[PDB]
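Input: a single structure, listed below in structure tokens.
Read-outs throughout are calculated quantities, based only on the coordinates presented, and are distinct from any laboratory measurement. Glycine also receives a Cβ, built like all others from the backbone with ideal geometry; neighbour counts cover every protein chain displayed.
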Amino acid sequence: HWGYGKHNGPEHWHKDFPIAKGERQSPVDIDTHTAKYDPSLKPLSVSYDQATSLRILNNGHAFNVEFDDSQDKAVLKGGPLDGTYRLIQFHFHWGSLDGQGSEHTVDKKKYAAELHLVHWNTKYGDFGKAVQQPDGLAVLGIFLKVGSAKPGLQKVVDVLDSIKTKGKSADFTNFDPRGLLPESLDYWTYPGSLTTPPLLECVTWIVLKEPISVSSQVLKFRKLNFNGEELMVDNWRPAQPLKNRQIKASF
Amino acid sequence: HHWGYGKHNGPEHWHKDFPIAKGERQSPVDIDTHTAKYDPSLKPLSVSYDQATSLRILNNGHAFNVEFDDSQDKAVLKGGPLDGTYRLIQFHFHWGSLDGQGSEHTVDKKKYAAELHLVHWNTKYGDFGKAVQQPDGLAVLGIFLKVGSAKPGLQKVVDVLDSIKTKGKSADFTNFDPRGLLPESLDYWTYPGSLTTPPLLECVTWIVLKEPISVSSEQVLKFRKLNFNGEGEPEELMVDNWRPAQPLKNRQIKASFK
Ligand SMILES: [Zn+2]
Ligand SMILES: [Zn+2]
Ligand SMILES: [Zn+2]
Ligand SMILES: [Zn+2]
Ligand SMILES: [Zn+2]
Ligand SMILES: [Zn+2]
Ligand SMILES: [Zn+2]
Ligand SMILES: [Zn+2]
Ligand SMILES: [Zn+2]
Ligand SMILES: [Zn+2]
Ligand SMILES: [Zn+2]
Ligand SMILES: [Zn+2]
Ligand SMILES: [Zn+2]
Ligand SMILES: [Zn+2]
Ligand SMILES: [Zn+2]
């Protein structure tokens, strides 16, 4: 089935997923000359104070860190969001070199990786029902630059050798995703979709402008395997056309 | 979330999202021994598990599965009602909350405490994926589990069940010999059946062994301690993970023995 190589990479997803050539595909290039400041955009409310991580798993496409989403404890409110969106998981996309790896780009600049924290609209009762609505998910995107070691990322780096290959998972409790944020919550936003199959058009994207720094920490990401050898690198979709959409800036 | 065996998503309710559940060749069925007639043209069953190469054991929230390397003809099923070679891809069990229930197939309406299913695909079609989409695609060998003395061959599988307690977990599971899970007698019944779980595709030549294997109360009590749910979700014990018998329709169950 699908993946990122020559055979099943983003080039070839349109074959089994016709929606890949759709109105609201993600990611996109965020052009800062055209992304205009909208003052009616409210400030972003992130409450991860009581987040409850459960496990970390390698699914042959990325690794995911899942959370208890049975209550409003780790939620996203404000910004462009009407209602409350609970945190279900986070994962990264990254590249084989430091000059590539982010899904979103800023003025065509690529970063070394991109952190995606996925949230679903509590309006629809569960994740499954949410994904089949345009306002179903909200993904907070955060760019990863090369620099000093992200102290908050170190716990996650730690545990990557015990989920080296596809199918493996480890218990992963008491993780604080506040530690993965930049200081500034300034963002861009636009009506996007999932960057992997099934590519459903159900995401309000929220991309943070301030990247977080990580150490040349990124070399542990690249040691993970796509297989259960093919190294898990360049697991990003390239930018898609922006079409009739408008990227709006909070700042 | 999706289908299972409870009150809201159990076999009663599978017809809702899987219309084939009310089809021509559903499994399991009650095997009635007064109507299942001995066919002498049925050949003897050839089981070659001498070189089987188990890889891993995983809890998928429905059963646990033990997977094998199926890239060569090393663990195969030939003879019996089968034209061609069927390689072993995995095995799993179905079981119940009590000793008086748990098997999918029944014999003269008798239920057993569990049923072992060794799944094989017809090498004719090149891979598992292509095989399931043909009536002669899979061959599942069914084996009934009675309560009695401890199955020495089952003990290595019992041993590793606490490290895959919940949905999504798996452990490395190498050098397992599935010969140790067989009864002495290979006498069987056979009929054109299908998968007993969704997607319930009608692609199985069923082969059910008549001689059950014995297991200990201690051994089956480890099955029942597994969870349908993942770590963190609320508790639901993995028991009664069997589909009840389905109508036989226009089919004929044939016996290898007098
Ligand atoms: Zn094409
Ligand atoms: Zn996949
Ligand atoms: Zn949940
Ligand atoms: Zn609520
Ligand atoms: Zn992503
Ligand atoms: Zn655990
Ligand atoms: Zn109905
Ligand atoms: Zn009868
Ligand atoms: Zn009779
Ligand atoms: Zn009769
Ligand atoms: Zn399932
Ligand atoms: Zn294989
Ligand atoms: Zn089965
Ligand atoms: Zn291992
Ligand atoms: Zn439940």
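Output the qualifying pairs, or none if there are none: Cβ atoms under 9 angstrom, residues six or more apart or on different chains, first residue in the stretch A:60-74 and more than 23 Å from A:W236 (Cα to Cα) and more than 16 Å from ligand 6 (Cβ to nearest atom), second residue aromatic (F, W, Y) and assigned to a strand (DSSP E or B).
Partner pairs satisfying both residue conditions: A:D69/A:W120; A:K73/A:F67; A:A74/A:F67.
Counting just the residues of the stretch B:141-165 that are assigned to a helix (DSSP H, G or I) and under 21 Å from B:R87 (Cβ atoms), which one comes out farthest from ligand 3 (Cβ to nearest atom)?
Restricting to residues being assigned to a helix (DSSP H, G or I) and under 21 Å from B:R87 (Cβ atoms), the top hit is B:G153.
Yes/no per residue for (1) within 14 Å of chain B (Cβ to nearest Cβ); (2) surrounded by 19 or more Cβ atoms within 10 Å (Cβ to Cβ):
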site: A:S169; (1), (2): yes, yes
site: A:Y187; (1), (2): no, yes
site: A:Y190; (1), (2): no, yes
site: A:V207; (1), (2): no, yes
site: A:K248; (1), (2): no, no
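Can you confirm whether A:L41 is of a type outside the set (S, T, N, Q) and within 16 Å of ligand 11 (Cβ to nearest atom)?
No: the conditions fail for A:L41.
Let me spell it out: the conditions are (1) closer than 26 Å to A:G228 by Cβ; (2) part of a helix (DSSP H, G or I); (3) more than 17 Å from the chain's Cα centre (by Cα), and B:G168 meets all of them except one. Which number is the exception?
(2)
Output the residue which, of all residues in the stretch A:36-56 that are away from chain B (no Cβ under 14 Å), surrounded by 18 or more Cβ atoms within 10 Å (Cβ to Cβ) and of a type outside the set (F, W, Y), is nearest to ligand 3 (Cβ to nearest atom).
A:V46
Might you check whether a residue that is within 20 Å of A:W205 (Cα to Cα), surrounded by fewer than 22 Cβ atoms within 10 Å (Cβ to Cβ), away from ligand 2 (no atom under 16 Å from the Cβ) and more than 14 Å from every other protein chain (Cβ to nearest Cβ) occurs anywhere in the stretch A:92-99?
no
Going through the stretch B:217-250 one residue at a time, which ones are touching a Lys or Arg at 6+ places or on another chain (Cβ under 7 Å) and either over 23 Å from B:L116 (Cβ atoms) or not in a loop (DSSP other than H, G, I, E, B) (or both)?
Within the stretch B:217-250, B:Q219, B:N227, B:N229, B:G230, B:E231, B:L237 qualify.
With respect to the numbered conditions (1) in contact with a helix residue (DSSP H, G or I) (Cβ under 9 Å, 6 or more places away or on another chain); (2) over 21 Å from A:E23 (Cβ atoms); (3) outside any helix (DSSP H, G or I), which one is the sole condition not fulfilled by A:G179?
Condition not satisfied by A:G179: (3).
Would you confirm, using the coordinates I've provided, whether A:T84 is within 21 Å of A:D135 (Cα to Cα) and either over 12 Å from the mean Cα position of the chain (by Cα) or away from ligand 8 (no atom under 16 Å from the Cβ) (or both)?
Considered against the rule, which asks whether it is within 21 Å of A:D135 (Cα to Cα) and either over 12 Å from the mean Cα position of the chain (by Cα) or away from ligand 8 (no atom under 16 Å from the Cβ) (or both), A:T84 comes out as yes.
Within the stretch A:3-35, can you find the residues that are of a type in the set (D, E) and surrounded by fewer than 17 Cβ atoms within 10 Å (Cβ to Cβ)?
Of everything in the stretch A:3-35, those that are of a type in the set (D, E) and surrounded by fewer than 17 Cβ atoms within 10 Å (Cβ to Cβ) turn out to be A:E11, A:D16, A:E23, A:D31.
Counting just the residues of the stretch B:189-216 that are among the hydroxyl-bearing types (S, T, Y) and part of a loop (DSSP other than H, G, I, E, B), which one comes out nearest to B:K109 (Cα to Cα)?
In this case the residue turns out to be B:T196.
Step by step: first the residues of the stretch A:30-79, then only those that are within 17 Å of the chain's Cα centre (by Cα), assigned to a loop (DSSP other than H, G, I, E, B) and not aliphatic (A, V, I, L, M), then the one that is farthest from ligand 10 (Cβ to nearest atom). Which residue is that?
Taking the candidates together, the pick is A:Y48.
Report, by residue number, each residue of the stretch A:119-138 that is surrounded by fewer than 23 Cβ atoms within 10 Å (Cβ to Cβ) and under 18 Å from A:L44 (Cβ atoms).
Passing the criteria: A:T122, A:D135.
Step by step: first the residues of the stretch B:154-167, then only those that are within 14 Å of chain A (Cβ to nearest Cβ) and among the charged types (D, E, K, R), then the one that is surrounded by the fewest Cβ atoms within 10 Å (Cβ to Cβ). Which residue is that?
Checking each candidate, the answer is B:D162.
Within the stretch B:104-121, can you find the residues that are under 9 Å from the mean Cα position of the chain (by Cα) and either charged (D, E, K, R) or over 22 Å from B:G80 (Cα atoms) (or both)?
B:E104, B:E115
What about B:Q101, is it among the polar types (S, T, N, Q), within 20 Å of B:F228 (Cβ to Cβ) and within 13 Å of the chain's Cα centre (by Cα)?
no
Between residues in the stretch B:218-246 that are away from chain A (no Cβ under 14 Å) and residues that are loosely packed, with under 15 Cβ neighbours inside 10 Å and among the aliphatic types (A, V, I, L, M), which pairs lie under 8 Å by C-beta distance while being six or more apart or on different chains?
B:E218/B:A150; B:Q219/B:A150; B:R224/B:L237; B:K225/B:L237; B:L226/B:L237; B:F228/B:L237
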